[PDB]
Engineer: 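One structure is given below, represented as structure tokens, and several questions about it will come after.
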Number of protein chains: 2
Amino acid sequence: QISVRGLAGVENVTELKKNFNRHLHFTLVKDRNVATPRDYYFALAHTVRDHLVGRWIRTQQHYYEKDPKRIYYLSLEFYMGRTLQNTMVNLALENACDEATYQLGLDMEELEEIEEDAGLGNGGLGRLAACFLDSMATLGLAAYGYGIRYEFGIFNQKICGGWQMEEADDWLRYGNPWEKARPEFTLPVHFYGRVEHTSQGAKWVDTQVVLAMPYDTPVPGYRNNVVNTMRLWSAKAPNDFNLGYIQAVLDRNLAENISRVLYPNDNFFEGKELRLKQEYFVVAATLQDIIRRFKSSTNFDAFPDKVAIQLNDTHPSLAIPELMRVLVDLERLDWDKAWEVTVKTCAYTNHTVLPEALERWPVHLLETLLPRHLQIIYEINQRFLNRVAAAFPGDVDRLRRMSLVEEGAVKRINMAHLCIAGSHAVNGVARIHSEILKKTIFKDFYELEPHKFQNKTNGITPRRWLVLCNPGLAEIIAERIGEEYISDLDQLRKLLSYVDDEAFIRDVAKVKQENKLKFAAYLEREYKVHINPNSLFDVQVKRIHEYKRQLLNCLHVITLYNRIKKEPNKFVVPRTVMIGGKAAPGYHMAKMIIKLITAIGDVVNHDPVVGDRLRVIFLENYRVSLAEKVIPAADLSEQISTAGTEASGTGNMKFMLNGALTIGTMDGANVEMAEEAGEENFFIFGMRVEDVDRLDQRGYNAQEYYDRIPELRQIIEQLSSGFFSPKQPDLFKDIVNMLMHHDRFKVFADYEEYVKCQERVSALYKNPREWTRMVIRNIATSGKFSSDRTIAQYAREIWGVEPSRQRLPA
Amino acid sequence: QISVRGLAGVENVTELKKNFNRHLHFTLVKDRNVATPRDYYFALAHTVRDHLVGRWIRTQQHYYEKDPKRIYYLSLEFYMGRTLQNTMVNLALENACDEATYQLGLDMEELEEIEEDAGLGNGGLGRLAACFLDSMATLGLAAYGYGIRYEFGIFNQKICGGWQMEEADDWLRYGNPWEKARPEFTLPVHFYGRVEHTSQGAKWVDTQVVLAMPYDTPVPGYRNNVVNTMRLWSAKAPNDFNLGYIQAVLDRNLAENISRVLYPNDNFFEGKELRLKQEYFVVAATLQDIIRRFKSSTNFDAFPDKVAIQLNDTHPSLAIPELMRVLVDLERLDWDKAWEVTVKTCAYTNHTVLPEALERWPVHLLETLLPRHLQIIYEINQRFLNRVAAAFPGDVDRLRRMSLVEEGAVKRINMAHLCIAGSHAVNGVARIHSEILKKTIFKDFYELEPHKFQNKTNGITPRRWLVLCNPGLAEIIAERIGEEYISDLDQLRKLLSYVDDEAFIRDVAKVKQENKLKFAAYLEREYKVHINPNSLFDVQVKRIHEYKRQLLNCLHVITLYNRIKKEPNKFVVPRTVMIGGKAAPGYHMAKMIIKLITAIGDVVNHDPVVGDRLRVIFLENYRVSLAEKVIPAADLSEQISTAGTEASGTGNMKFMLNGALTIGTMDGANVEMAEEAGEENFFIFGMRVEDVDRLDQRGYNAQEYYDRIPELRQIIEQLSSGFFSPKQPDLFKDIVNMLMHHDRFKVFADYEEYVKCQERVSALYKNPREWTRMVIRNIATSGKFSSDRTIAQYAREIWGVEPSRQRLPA
Ligand SMILES: O=[N+]([O-])c1ccccc1/C=N/NC(=S)N[C@@H]1O[C@H](CO)[C@@H](O)[C@H](O)[C@H]1O
Ligand SMILES: O=[N+]([O-])c1ccccc1/C=N/NC(=S)N[C@@H]1O[C@H](CO)[C@@H](O)[C@H](O)[C@H]1O
Ligand SMILES: O=[N+]([O-])c1ccccc1/C=N/NC(=S)N[C@@H]1O[C@H](CO)[C@@H](O)[C@H](O)[C@H]1O
Ligand SMILES: O=[N+]([O-])c1ccccc1/C=N/NC(=S)N[C@@H]1O[C@H](CO)[C@@H](O)[C@H](O)[C@H]1O
């Protein structure tokens with residue numbers, strides 16, 4: 001049908017069709033008379049999957065022969081989404097399969113909707129891992145993703161009476177065609193026990209053993225015949241576990257609970273034993289696998305030449321003392337050499353500055369669970385602090401600030417300090433974030449070892465986030481500049497010479513309108529909601545957090561409503577305001593924010609004076625597959641975190657690539673996005689990081705804003721009095737009181753400038769041609785935000801490997 | 001290589017080889033350089049499996065069109081063993097696969113050894129279900145096996161210091177190529193709750209729901225292109241289960257524990273809640289599936305014309321009140337019509353007379369777990385007892401003896417009484433067992449409804465139990481009489497005209513010697529034990545029980561040892577005495593018996609005066625796959641239960657088919673075996689049922705035998721004094737005291753006649769030619785004991801269906 005989706009040759013279509021029928025019969029054990037759409041999806045998935053295997057075997061064969069330096073990307077989260085379409089795209093099979101299935105009397109799009117999301121992450125950090133794997137494969141790096149195969153991923157979100165309800169994400173119920181179980185490569189992981197000191201060093205004894213069983217998932221690069229591996233570990237009890245009889249067998253679940261469920265906290269630390277077990281489990285099994293692969297190439301001097309370990313936040317920080325444990329206790333290297341090897345092998349990426357998000361493990365937990373690791377940590381700390389003492393003599397406060405061991409009520413280990421001490425590189429995830437790390441929370445470390453500190457601005461994959469979710473846009477782009485930009489997103493700059501091209505302007509705007517129409521119909525079919533596709537699509541989608549300021553959006557929404565009720569017969573640009581996202585189950589305020597959004601919708605959406613001029617929709621169960629639908633449909637991207645709080649953001653980049661304009665603060669990657677596009681082409685408002693600082697020093701007083709802004713006062717009074725909750729007038733008292741007395745994120749301080757900036761957005765939307773020209777200038781300068789760029793910088797500046805765009809033989 | 005294993009045509013071998021390579025590449029994701037024997041086994045299993053699918057789909061299609069009466073065989077146990085060889089045999093692929101794999105440079109036999117046993121049963125009752133499924137498919141019946149897919153089957157038995165250790169049977173670890181998950185056909189099962197009475201009848205409300213997910217396994221008939229289904233249910237929690245958050249997800253295991261592990265009791269009742277849950281789970285899910293299939297053909301009058309339900313013991317007895325529940329509460333039939341439908345649908349097979357094996361569920365358990373079922377049971381009981389009162393007026397003691405409700409400390413439900421009241425047929429499993437049912441434990445029921453009571457003597461499948469495990473014997477037989485006997489075992493009678501044939505005699509004896517040599521080498525390879533293949537192979541393999549009298553065998557063994565030590569230079573026929581079997585984990589005496597056997601071995605096997613004249617081996621981890629090895633190798637089958645205790649036995653039949661002679665009591669099927677072969681051709685000894693009765697009335701006094709038999713006295717003194725346990729002299733005091741003061745099974749009473757009969761066995765073995773002629777007379781008269789015969793009698797006399805030997809189109 002469309003060019004970028006590949007060729008539909010006669011030989012290929014015929015072949016796909018017969019393999020489809022073969023799988024339906026032999027694999028699914030069905031005939032055409034009993035088969036359901038789900039069966040058809042599976043026959044298609046197996047047919048496509050077969051095309052991966054040859055490439056998968058030869059990629060891994062190639063790495064064995066050439067022996068390049070291997071990259072190990074360690075994360076507790078891989079937010080993968082669906083795999084079928086992505087595989088077709090990267091293998092250039094999309095048109096061929098579309099034809100084959102059409103000829104079988106099937107609609108491929110309908111079959112695509114059956115696949116469950118692999119929801120093995122919470123949000124930004126998990127999705128970054130998934131974009132990174134895609135780019136690493138596309139760039140020909142010998143890269144392996146390592147994590148945990150959770151039986152239950154992020155919960156499905158139901159909205160009931162305006163409240164979030166959680167239900168188990170049973171994503172494996174029908175089976176996962178994309179994973180290959182590898183029980184033959186099962187490895188032991190040790191817990192508890194005690195340390196014995198002998199003639200020749202320490203020994204960790206009387207441990208409980210949990211088995212780590214790997215499941216491999218293929219990761220295809222873009223049209224280069226490279227297929228890398230994501231290896232996810234699953235917990236299994238040994239066969240003599242607890243071995244009355246019946247209970248012993250039933251108690252096996254105690255060990256297997258390790259890989260059962262993803263912790264659903266975004267940017268928040270919870271110090272639970274099960275979470276710590278998860279962190280060690282992934283690290284211990286992964287490191288044995290790395291060492292095994294290295295030995296099958298005595299001399300650990302070459303280890304850092306053959307191995308890079310990237311730590312995705314502090315969650316796998318135990319890799320540092322675990323590598324020390326293995327090198328010192330088992331391989332019998334001396335401490336100093338082991339340490340040199342570890343530092344040169346490990347690198348650490350920080351994803352947040354929020355204090356409540358930082359991992360600080362109680363010492364009594366590590367003592368019981370990982371006694372040898374605690375001893376190694378103490379020894380790391382002592383040797384590190386001697387270096388500090390020698391560099392900054394007499395600075396006794398620096399000693400306590402930098403210690404890996406924190407003093408107080410309960411002693412804790414600061415995992416971030418551990419990572420910096422044990423890594424040769426530390427990076428933040430956008431220029432402003434990395435600067436903040438050097439100036440504030442890691443200042444002392446930066447002064448000791450300035451050479452460690454780097455920036456690697458985040459990116460997103462243009463395969464999933466343009467070609468896959470927005471074929472129409474990808475196609476009009478390819479018509480003018482070719483197909484090469486898909487793996488070199490910088491070529492989008494060439495679109496600048498089309499900014500005054502009348503045909504292009506029409507095409508860009510036509511693609512948006514079609515995406516909006518398709519999304520508006522999706523909303524009716526699956527959720528029975530009536531929206532106007534001519535309105536401005538104002539969207540904020542991301543996890544529910546106070547720092548992300550969904551509440552600031554709520555205040556704008558109510559202001560628009562109040563202004564309409566004030567002057568009903570005055571003209572306003574119609575808006576559909578969409579807010580979606582999950583709240584962590586224990587996060588009371590986030591759950592209150594969701595309830596507020598639905599309550600506002602309940603009033604706004606049923607007021608006859610408003611008409612179809614303002615709609616407020618809560619997008620239930622926001623996840624990767626929903627993002628692929630709503631992002632192409634958006635006109636306005638809401639990126640409105642308090643300056644200094646959002647480390648980077650990646651949702652922002654997605655919207656930029658797909659033809660939305662951005663309203664946002666100078667936070668995270670927003671700064672670099674506006675710098676690339678030009679500030680005139682961005683809707684920037686609000687305090688900068690410097691303004692926030694000034695306000696903190698003086699003291700933030702919310703009452704001041706309330707007193708001086710009548711429109712704001714009215715909203716607070718509406719909230720307090722029960723305007724949005726007639727039956728429970730006090731429902732939102734917690735929200736009001738937080739806003740008035742304990743707002744860490746200064747929602748009121750940005751309100752006036754936000755409302756003003758929102759008026760300027762509305763003015764620009766009244767002029768379709770100029771709106772679209774600004775869109776073209778955004779799309780055209782979004783190239784920097786490809787994860788291919790990000791990964792090439794990791795490769796060159798951290799891992800010491802050269803990327804390659806060269807094909808492997810087919 | 002050999003005739004009965006089918007043709008190895010050029011087209012077929014070529015095809016198998018390429019499908020083997022296709023699976024290795026696409027299915028296993030391996031190449032020949034990294035593949036292990038386990039991978040090769042899997043490629044073979046998938047290749048063979050493909051041949052089932054077409055036949056499987058058309059068999060089930062055929063049943064849909066023809067709509068025959070369906071047979072549902074309900075069991076908590078299906079002891080299947082391995083499936084690969086069985087499938088090759090029934091599909092006539094064995095030689096072709098042997099050739100194909102040979103040409104690939106592989107040994108098929110070695111690949112066969114990799115497959116795990118499906119160990120989903122304890123012993124006789126479970127293996128009977130598996131033989132029955134095979135015969136039902138071979139006879140073209142529309143039959144379905146229904147049970148539970150246990151995650152852990154019967155435990156693996158390790159012997160450590162002479163003691164049994166249990167370890168989890170993790171049979172699914174590498175995956176099961178033979179099952180197809182059918183998540184689309186998942187069904188709800190209800191537990192707990194309470195009964196509400198409304199205008200229109202009772203309603204069972206506030207229940208907890210557990211999901212039943214089916215897994216289908218193909219069951220091929222012998223060379224007739226019939227493939228039936230065994231459907232096993234697996235327990236799954238619903239997605240809103242318990243829905244802090246993390247705990248709720250982890251507590252899902254509480255629901256899923258239902259299908260976790262097989263209860264490992266043979267012929268013994270344990271009244272545990274989890275066991276009851278298992279029994280209801282299988283019944284509730286199965287019955288919904290039956291009713292669904294019946295409706296997809298309003299009028300339940302035709303239900304018994306279209307459905308037979310066979311209850312394998314009382315374990316699925318809850319089918320009776322569950323069918324009543326569904327018909328009365330949900331379909332709104334009146335009681336009397338529902339009851340008529342139930343009786344005509346259900347039939348009950350009894351497998352034991354032992355009182356401790358009978359299920360008697362406490363009322364307080366059913367009250368909490370299944371409140372509606374208890375009410376229905378009470379109502380069944382009341383209406384049943386009114387029939388008894390009307391037939392036997394004034395017989396008040398008959399009323400209390402026959403009640404389904406037992407009075408006393410705790411009120412209990414007698415599940416056996418439930419089954420008889422609610423079934424149109426009740427059968428025992430051998431003629432003497434069925435007679436015992438009518439004369440003793442079910443006398444009152446027999447007097448009320450004589451027409452209900454039947455016999456169906458057990459049988460074994462000649463596919464697994466001759467062709468598969470003993471190809472050499474199957475081949476020399478087929479050379480003389482053709483191949484037709486494999487599905488008509490009565491044709492073996494024709495071998496009687498070969499009893500004086502010198503060529504045959506030589507061939508029969510040659511096959512045994514080769515089986516003994518192969519087994520002797522197996523013992524060295526896997527267990528490092530030195531046995532003499534010229535000795536008589538004296539074997540007792542079965543579950544360890546006091547009623548099976550492994551202890552009587554032990555006494556003989558010690559007697560032989562003492563006689564040798566007494567007269568060392570006297571000649572005795574050399575024996576290898578093999579005893580194997582598992583003890584239930586809670587069964588202290590059974591575990592002591594195992595320890596005794598190994599202790600005897602420790603003394604006997606290392607005494608230089610004995611030499612290779614007597615060896616005592618405990619066969620560790622006895623299971624279906626081990627039975628297939630040891631049975632073909634046996635010379636003497638030990639079938640020595642106290643008369644009246646072994647309902648049938650099936651191991652006995654296996655040995656008879658494979659050329660062992662039988663030493664045994666007139667118990668269970670032994671009576672019919674000796675009747676078929678002639679008593680002159682059987683080594684019968686001991687009390688008959690009548691002699692046991694006489695002894696009970698007088699009072700069994702073990703001291704009397706001890707006083708009058710010096711050889712027996714010596715053994716007891718050796719046991720008491722610590723001869724077989726020098727370091728712990730009192731180790732066996734529990735055994736001695738049981739034998740002397742509380743022996744329910746009268747071991748001493750049969751000792752003298754057993755020893756005497758054992759001398760006569762030894763005399764016959766001294767004359768090879770006459771031993772072998774007696775063997776031929778046994779093999780030749782074993783036809784009655786084919787499960788094809790058994791199933792044809794069930795079909796004609798209970799189910800009301802005609803078997804058929806006709807092929808379906810290929
Ligand atoms: O991971 N993959 O996407 C992929 C690509 C191509 C072929 C198989 C796979 C994954 N297979 N994963 C699994 S668990 N395969 C399993 O392999 C077993 C024997 O090892 C077979 O019994 C099963 O038929 C198959 O499901
Ligand atoms: O990964 N997590 O969601 C998680 C689980 C449990 C405890 C802390 C966390 C921390 N999450 N931190 C996250 S999502 N940080 C996010 O990372 C993205 C990728 O670089 C950035 O673009 C965002 O600015 C940042 O907030
Ligand atoms: O039951 N069988 O013996 C049998 C005969 C022929 C083909 C498949 C089977 C059993 N397959 N059992 C299972 S769980 N197959 C599964 O089917 C899934 C889709 O439904 C696929 O994702 C997997 O590749 C496959 O393992
Ligand atoms: O099936 N079980 O092993 C079980 C588990 C839990 C409680 C009672 C039992 C009862 N088992 N009863 C058994 S094995 N009876 C056996 O059935 C065979 C087949 O007809 C007969 O040949 C045997 O004579 C009989 O003992």
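Here is the naming used below: chain letters follow the sequence lines, and residue numbers restart at 1 for every chain. Note that ligands are numbered from 1 as they come in the structure, with each ligand's atoms numbered from 1 the same way. Just so it is clear, the values below take in all heavy atoms, side chains as well, and ignore hydrogens, waters and symmetry mates.
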Engineer: Would you mind checking if B/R149 and B/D216 are paired as a salt bridge, meaning a charged N to carboxylate O distance below 4.0 Å?
Structural biologist: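 So B/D216 does not pair with B/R149 through a salt bridge.
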
Engineer: In ligand 4, which numbered atoms sit nearer than 4.0 Å to a non-hydrogen atom of B/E646?
Structural biologist: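 Heavy-atom distances to B/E646 below 4.0 Å select 23 (C), 24 (O), 25 (C), 26 (O).
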
Engineer: Report the part of B/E77 in contact with ligand 4, treating N, CA, C, O as backbone and CB onward as side chain, heavy atoms under 4.0 Å; options are side chain, backbone, both, neither.
Structural biologist: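 Near ligand 4, B/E77 shows its side chain, while the N, CA, C and O stay back.
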
Engineer: Using the rule side-chain hydrogen bond (donor to acceptor under 3.5 Å, both in side chains), only one of A/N267, A/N312, A/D313, A/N458 pairs with A/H351; which is it?
Structural biologist: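 Of all the options given, the one that passes is A/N312.
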
Engineer: What atoms of ligand 4 come within less than 4.0 Å of a heavy atom belonging to B/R275?
Structural biologist: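 Listed by number with element: 6 (C).
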
Engineer: When you look for heavy atoms under 4.0 Å from ligand 2, do you find them on the side chain of A/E359, its backbone, both, or neither?
Structural biologist: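 A/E359 to ligand 2: no contact under 4.0 Å from either part.
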
Engineer: Determine whether any heavy atom of B/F268 lies closer than 4.0 Å to an atom of ligand 4.
Structural biologist: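 Within the 4.0 Å threshold, so yes.
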
Engineer: Would one find an N or O of A/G649, backbone or side chain, under 3.5 Å from an N or O of ligand 2?
Structural biologist: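 In this structure, A/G649 places an N or O atom under 3.5 Å from an N or O of ligand 2.
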
Engineer: What residue and heavy atom of the protein are closest to atom 7 (C) of ligand 3, and at what distance?
Structural biologist: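 Of the protein heavy atoms, A/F26 O, 3.0 Å lies nearest.
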
Engineer: Looking at ligand 3, does any of its N/O atoms fall within less than 3.5 Å of an N/O of B/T217?
Structural biologist: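 Checking ligand 3 against B/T217, no N or O pair falls under 3.5 Å apart.
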
Engineer: May I ask you to check whether B/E672 and B/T457 show a side-chain donor-acceptor distance below 3.5 Å?
Structural biologist: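 Yes, a side-chain donor-acceptor pair sits under 3.5 Å.
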
Engineer: Quick one: does B/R82's side chain get under 4.5 Å of B/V624's, heavy atoms only?
Structural biologist: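 B/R82 vs B/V624: side chains apart.
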
Engineer: So for A/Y79, does at least one of its heavy atoms come nearer than 4.0 angstrom to any atom of ligand 2?
Structural biologist: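 Contact check A/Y79 vs ligand 2: negative.
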
Engineer: Suppose I only count heavy atoms of B/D216 and a 4.0 Å limit; which atoms of ligand 3 are within that range?
Structural biologist: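 Within the 4.0 Å cut-off of B/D216, ligand 3 contributes 1 (O).
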
Engineer: Identify whether NZ of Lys or CZ of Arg in A/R38 sits under 6.0 Å from the centre of the six-membered ring of A/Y174 and within 45° of that ring's axis.
Structural biologist: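 Cation-pi check for A/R38 and A/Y174: passes.
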
Engineer: Is B/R275 salt-bridged to B/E270, cutoff N-O under 4.0 Å?
Structural biologist: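 Result for this pair is no, no salt bridge flagged.
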
Engineer: Against A/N122, only a single residue in A/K582, A/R127, A/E77 fulfils side-chain hydrogen bond (donor to acceptor under 3.5 Å, both in side chains); can you say which?
Structural biologist: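 Testing A/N122 for a side-chain hydrogen bond (donor to acceptor under 3.5 Å, both in side chains) against A/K582, A/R127, A/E77 leaves exactly one candidate, A/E77.
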
Engineer: List every atom of ligand 3 that sits less than 4.0 Å from any heavy atom of A/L28, numbering the atoms from 1 in the order shown and giving each element.
Structural biologist: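 Near A/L28, the atoms of ligand 3 are 19 (C), 20 (O).
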
Engineer: Please work out whether any backbone atom (N, CA, C, O) or any side-chain heavy atom from C-beta onward of A/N176 is under 4.0 Å from ligand 3, and answer side chain, backbone, both or neither.
Structural biologist: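 The answer is neither; A/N176 stays 4.0 Å or more away.
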
Engineer: For atom 20 (O) of ligand 3, what's the nearest protein heavy atom and its distance?
Structural biologist: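 For atom 20 (O) of ligand 3, the nearest protein heavy atom is B/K180 NZ, 3.1 Å.
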
Engineer: Which of the numbered atoms in ligand 3 are below 4.0 angstrom from a heavy atom of A/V29?
Structural biologist: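 The atoms of ligand 3 under 4.0 Å from a heavy atom of A/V29 are 6 (C), 7 (C), 8 (C).
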
Engineer: Compute the minimum heavy-atom distance from B/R127 to ligand 4 and say whether it is under 4.0 Å.
Structural biologist: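 In this structure, B/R127 fails to qualify as a contact of ligand 4 - no heavy atom is under 4.0 Å.
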
Engineer: B/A647 heavy atoms, cut-off 4.0 Å: which ligand 4 atoms fall inside?
Structural biologist: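 Every atom of ligand 4 under 4.0 Å from some heavy atom of B/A647: 24 (O).
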
Engineer: Using a 4.0 Å heavy-atom cut-off, say whether A/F132 meets ligand 2 through its side chain, its backbone, both or neither.
Structural biologist: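 Neither; nothing of A/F132 gets under 4.0 Å from ligand 2.
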
Engineer: With nothing but distance in play, are any N or O atoms of B/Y547 less than 3.5 Å from an N or O of ligand 4?
Structural biologist: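 For ligand 4, there is an N or O atom that lies under 3.5 Å from one belonging to B/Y547.
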
Engineer: Would you indicate which of A/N267, A/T352, A/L76 comes nearest to atom 15 (N) of ligand 2 when only heavy atoms are counted?
Structural biologist: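 It is A/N267 that holds the nearest heavy atom.
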
Engineer: Specify side chain, backbone, both or neither for A/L128, according to which of its non-hydrogen atoms lie closer than 4.0 Å to ligand 2.
Structural biologist: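 For A/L128, only side-chain atoms sit under 4.0 Å from ligand 2.
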
Engineer: For A/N265, state whether at least one heavy atom is located under 4.0 Å from any atom of ligand 2.
Structural biologist: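 A/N265 counts as a contact of ligand 2 under the 4.0 Å cut-off.
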
Engineer: Could you establish whether A/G175 and ligand 3 come within less than 4.0 Å of each other, counting only heavy atoms on the residue side?
Structural biologist: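 The answer is no: ligand 3 sits nowhere under 4.0 Å from a heavy atom of A/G175.
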
Engineer: Would you mind telling me if ligand 2 is within reach of the side chain of A/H315, the backbone, both or neither, using heavy atoms under 4.0 Å?
Structural biologist: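 It is the side chain that touches ligand 2; the backbone stays farther off.
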
Engineer: Heavy atoms only, cut-off 4.0 Å: how does A/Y174 contact ligand 3, side chain, backbone, both, or neither?
Structural biologist: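 The answer is neither; A/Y174 stays 4.0 Å or more away.
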
Engineer: Side chain or backbone of B/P177 under 4.0 Å from ligand 3, or both, or neither, by non-hydrogen atoms?
Structural biologist: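 The answer is the backbone of B/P177.
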
Engineer: Tell me which one of A/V429, A/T349, A/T645, A/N458 gets a heavy atom nearest to atom 19 (C) of ligand 2.
Structural biologist: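 Result: the heavy atom closest to atom 19 (C) of ligand 2 is in A/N458.
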
Engineer: Identify, for atom 1 (O) of ligand 3, the protein heavy atom at the shortest distance, and state residue, atom and that distance.
Structural biologist: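 Here the closest protein heavy atom is B/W178 O, 2.5 Å.
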
Engineer: Which is closest to atom 11 (N) of ligand 3 in terms of heavy atoms, A/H23, A/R49, B/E179, A/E179?
Structural biologist: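 Selected option, by shortest heavy-atom distance: B/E179.
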
Engineer: List ligand 4 atoms under 4.0 Å from B/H351, heavy atoms only on the residue side.
Structural biologist: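 Numbered from 1, ligand 4 contributes 15 (N), 16 (C), 17 (O), 19 (C), 20 (O), 25 (C), 26 (O).
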
Engineer: Are any non-hydrogen protein atoms located under 4.0 Å from atom 5 (C) of ligand 3?
Structural biologist: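 Looking at atom 5 (C) of ligand 3, one finds that a protein heavy atom does lie closer than 4.0 Å.
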
Engineer: Please state which part of A/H46 comes within less than 4.0 Å of ligand 3, counting heavy atoms only: side chain, backbone, both or neither.
Structural biologist: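 Only the side chain of A/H46 comes within reach of ligand 3.
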
Engineer: Does any donor atom in the side chain of B/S641 or B/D667 lie under 3.5 Å from an acceptor atom in the other side chain?
Structural biologist: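 Yes, because at least one side-chain N or O of B/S641 sits under 3.5 Å from a partner of the opposite role on B/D667.
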
Engineer: For A/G124, take its heavy atoms, then give the atoms of ligand 2 lying under 4.0 Å from any of them.
Structural biologist: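 In order of numbering, the contacting atoms are 18 (C), 19 (C).
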
Engineer: Of all the atoms in ligand 4, which lie at a distance below 4.0 Å from a heavy atom belonging to B/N122?
Structural biologist: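 In order of number, 3 (O).
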
Engineer: Among all the protein's heavy atoms, is there at least one whose distance to atom 22 (O) of ligand 3 comes out below 4.0 Å?
Structural biologist: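 Yes, there is a protein heavy atom closer to it than 4.0 Å.
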
